[PDB]
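Chain letters run A, B, ... following the sequence lines, proteins first and then strands; every chain starts at 1.
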Protein chains: 2
Amino acid sequence: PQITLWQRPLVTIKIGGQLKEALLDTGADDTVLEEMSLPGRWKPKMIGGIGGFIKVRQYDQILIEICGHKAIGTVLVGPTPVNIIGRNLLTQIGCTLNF
Amino acid sequence: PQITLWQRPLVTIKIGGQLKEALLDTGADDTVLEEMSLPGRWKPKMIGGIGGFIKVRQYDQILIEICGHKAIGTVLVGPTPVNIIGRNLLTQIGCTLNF
Ligand SMILES: O=S(=O)(c1ccccc1)N(Cc1ccc(I)cc1)[C@H]1CNC[C@@H]1N(Cc1ccc(I)cc1)S(=O)(=O)c1ccccc1
Ligand SMILES: [Cl-]
Ligand SMILES: [Cl-]
Ligand SMILES: [Cl-]
């Protein structure tokens with residue numbers, strides 16, 4: 001698809017067999033989702049920006065489906081105000097900026 | 001152009017006659033620049049980010065060039081981690097996400 005930026009670029013994702021809404025975010029290095037369980041090992045991380053920093057759990061090699069596109073990559077889980085799909089997974093679905 | 005996301009989408013902008021580096025950020029509603037001098041009056045603006053909300057300065061109808069593309073619109077100024085070009089100006093230069 002071609003997604004406009006007149007509104008926030010929100011899409012449906014499937015992860016851990018759950019359907020969620022998330023923001024396609026070219027300014028985010030990493031994908032960050034609100035508190036949820038994920039399988040496997042994890043390590044803590046801090047991410048930050050306007051407003052300060054939050055602590056997240058980093059899970060690697062997680063399967064995700066983004067607007068019907070299957071991918072795998074690292075997912076950070078923690079108290080983000082919005083679910084974010086970052087560049088680590090946008091690349092895998094072939095997402096580009098165009099003007 | 002078409003910008004892939006394997007690296008941060010950092011571009012050159014021009015504002016107040018000066019070149020600066022800024023991030024094309026589809027996760028930011030607004031354009032937010034590092035502390036600088038801009039003309040005219042400003043108004044207060046609360047913006048939300050990963051750690052919470054903060055107050056920044058809002059300047060309207062400011063000339064800014066993004067990758068050579070001329071724009072005129074609202075620029076926020078505050079303690080942003082990096083200069084950010086958000087959806088208000090991305091929309092104005094005709095940028096979309098595509099996959
Ligand atoms: O500072 S920011 O929260 C911001 C928001 C609005 C306007 C200006 C700034 N930021 C930009 C940012 C850019 C580079 C770096 I280094 C750190 C932050 C965001 C906006 N989109 C990407 C960043 N994030 C996503 C986000 C989007 C919307 C909201 I509401 C909250 C978080 S992030 O969770 O912080 C982030 C930080 C590190 C790794 C992955 C994700
Ligand atoms: Cl990854
Ligand atoms: Cl590619
Ligand atoms: Cl504007």
Side-chain angles (χ1 to χ4, degrees), chain A residues 2-9 23-32 46-53 82 84-91 94-99, chain B residues 1-54 56-99:
Chain A
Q2 178 171 84
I3 301 167
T4 185
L5 295 175
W6 284 105
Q7 299 78 34
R8 294 183 162 195
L23 186 59
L24 304 178
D25 190 340
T26 57
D29 297 337
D30 309 309
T31 292
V32 193
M46 302 273 331
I47 58 157
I50 293 280
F53 280 71
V82 62
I84 297 292
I85 308 304
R87 295 188 296 101
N88 73 305
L89 290 170
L90 300 173
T91 52
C95 185
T96 57
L97 290 161
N98 293 269
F99 55 107
Chain B
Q2 172 166 94
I3 301 172
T4 61
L5 295 170
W6 305 97
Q7 64 178 58
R8 291 181 174 165
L10 291 164
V11 301
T12 303
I13 68 167
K14 180 164 66 177
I15 188 173
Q18 296 307 330
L19 304 180
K20 304 171 184 279
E21 179 175 74
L23 182 68
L24 302 186
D25 190 341
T26 56
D29 295 341
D30 308 298
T31 291
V32 194
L33 302 188
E34 295 156 30
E35 186 59 49
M36 65 172 304
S37 162
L38 290 173
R41 284 183 66 83
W42 58 277
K43 37 226 58 121
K45 163 83 147 180
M46 295 302 289
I47 56 173
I50 189 65
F53 285 80
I54 69 166
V56 299
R57 308 205 300 286
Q58 178 171 330
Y59 299 81
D60 294 324
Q61 239 167 112
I62 297 297
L63 276 73
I64 180 175
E65 294 202 352
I66 301 146
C67 296
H69 286 55
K70 294 191 177 55
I72 312 180
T74 294
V75 175
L76 317 180
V77 180
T80 182
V82 63
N83 300 135
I84 283 160
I85 308 306
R87 289 192 301 94
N88 67 309
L89 294 183
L90 300 173
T91 293
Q92 171 157 348
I93 71 175
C95 189
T96 58
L97 293 160
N98 299 80
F99 58 91

Which salt bridge (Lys or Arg N to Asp or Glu O under 4.0 Å) pairs, counting each pair once, include a residue from residues 85-99 of chain B, with sequence neighbours left out? B:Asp29-B:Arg87
Calculate, to the nearest 0.5 Å, the distance between atoms [atom1] and [atom2] belonging to [X] and [Y] respectively.
{"X": "B:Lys45", "Y": "B:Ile54", "atom1": "NZ", "atom2": "CD1", "answer": "12.0 Å"}
{"X": "B:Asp30", "Y": "B:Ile47", "atom1": "CG", "atom2": "CD1", "answer": "6.5 Å"}
{"X": "A:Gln2", "Y": "B:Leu97", "atom1": "CD", "atom2": "CG", "answer": "9.5 Å"}
{"X": "B:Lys43", "Y": "B:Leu76", "atom1": "NZ", "atom2": "CG", "answer": "11.0 Å"}

Do you know which two heavy atoms are closest between [X] and [Y], and how far apart they sit?
{"X": "B:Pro81", "Y": "A:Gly49", "result": "CG-CA, 4.1 Å"}
{"X": "A:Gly48", "Y": "B:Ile50", "result": "C-CG2, 3.5 Å"}
{"X": "A:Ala28", "Y": "A:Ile84", "result": "CB-CG2, 3.6 Å"}

Does B:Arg41 come within less than 4.0 Å of B:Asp60, counting only side-chain N to carboxylate O? no
Partners meeting side-chain contact (heavy atoms from CB on, under 4.5 Å) with B:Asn83 (sequence neighbours left out):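 side-chain contact (heavy atoms from CB on, under 4.5 Å) check on B:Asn83 returns B:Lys20, B:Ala22, B:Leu33, B:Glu34.
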Test item: [X] and [Y] side chains (from C-beta on) under 4.5 Å apart, heavy atoms:
{"X": "A:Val32", "Y": "A:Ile85", "answer": "no"}
{"X": "B:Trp42", "Y": "B:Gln58", "answer": "no"}
{"X": "A:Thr91", "Y": "B:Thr4", "answer": "no"}
{"X": "B:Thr12", "Y": "B:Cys67", "answer": "no"}
{"X": "A:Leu5", "Y": "A:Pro9", "answer": "yes"}
{"X": "B:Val77", "Y": "B:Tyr59", "answer": "yes"}
{"X": "A:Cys95", "Y": "B:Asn98", "answer": "no"}
{"X": "B:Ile62", "Y": "B:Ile72", "answer": "no"}

Could you tell me whether a side-chain N or O of A:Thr26 sits under 3.5 Å from a main-chain N or O of B:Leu24, the two making a donor and an acceptor? yes
By the ring pair (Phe, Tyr, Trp, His ring centres under 6.0 Å) test, which pairs, at least two apart or in different chains, include something from residues 77-99 of chain B? A:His69-B:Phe99
Looking at residues at least two apart in the chain, or sitting in another chain, which of them share a side chain to side chain donor-acceptor pair (under 3.5 Å) with [X]?
{"X": "B:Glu35", "value": "B:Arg57"}
{"X": "A:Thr31", "value": "A:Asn88"}
{"X": "B:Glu65", "value": "B:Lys70"}

